[PDB]
């Protein structure tokens, strides 16, 4: 029965940092003894909890979370089995089953040299900067910075949008009964996200109960190229070029840039819908009487959000809310990075400055969350199953095919069998798998 201790869970996992800027600070541990000393004295009491972060009046000036790799845990003398072999083997090893070469990876990600990540969030970079100083002064050479990624909410009216322009963070699983569910939102057991929580089938070490597996990915987005492809391949029609291009963009994502799901508004954006959390997730893909297996006029089968949360595609209720595939939910805590598109990139339709998403997913089993979604669903041209045509193609957004163009069907409303071959517009530079421990562990077992 008994519910989540939110005083002991790190905030990013369930609520997110709530800050304009974030820094991911990837480190190695040089001397364990010293390191544990400050881990306990200086990190642990300032680590931000879910309880802390969901009180308007209790937000720290700088929000800090911390998570450790397998090689990080080992370095701290912590040889316990966390019960995740994807976690133990590391993301570099997992790269092939993603149909991606580590040739474009951050060199520091393409191994197991990284022992952890500190996440710092704040509403300005100055505060982040000074907090880094203060951490580096305290820890001294008991730690090395191996790599860093700065990120922020996008500027102006683009706030809450990702670099392609699309409102993100509409959709997350509701944890029963932490969250009171919205219309259409999936509801899952806590133990889908929190290791050792309600109905996590996997044995954990006791110190790790209340943590989560953080899957990090630095995903470069080629925004000019994406926009040009949309203009170049927009379906014919009586609509303006710009409307038809936007239509193709939305059909790839499954939502208009305003966030309005195309399933409910298949022919034009509806920003009032997009802004309304009571409506903007309230759908299953079913419609009377179109049949689920062949109708792509509301939303392609290949659309990103359909590919990553299949809803009524994997059975269950046709009226919301659909609760299929609960065990395959991830909490998403990602945030854009890099500069806005510049005038010169827009003009040449060519990227020169690296920008994209610092993609963060939480889950209790890596094998059921990020990794599953990416390989079994996104990368699988027969997914969802039992469609006609059977060849859905790949996720136009994250689908991978060894750096070759992805074939994706369903996108063009006038002919669902019509294929487009789509260059990659998202380019993984790698990341790593971390374990974000309960806060008690941090000054407890890990520092002890």
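Residue numbers count along the first chain shown, from 1.
- Comparing 63 to 71 with 383 to 391, the stretch with the higher mean C-alpha B-factor in the PDB entry is 383 to 391.
- Higher mean CA B-factor, judged across 208 to 216 and 102 to 110 from the recorded values: 102 to 110.
- Note on 318, 120, 170, 76: the highest value goes to 76, judged by CA B factor as recorded.
- Out of 130, 342, 176, 349, the entry records its largest CA B-factor for 176.
- Annotation for residue 299: CA B-factor lies in the middle third of the chain's modelled residues.
- Among the modelled residues of its chain, residue 426 has a C-alpha B-factor that falls in the lowest third, as given in the PDB entry.
- The PDB entry assigns residue 408 a C-alpha temperature factor belonging to the lowest third of its chain's modelled residues.
- In the deposited entry, the Cα temperature factor of residue 166 places it in the lowest third of its chain's modelled residues.
- Ranked against the other modelled residues of its chain, the C-alpha B-factor of residue 332 as given in the entry falls in the lowest third.
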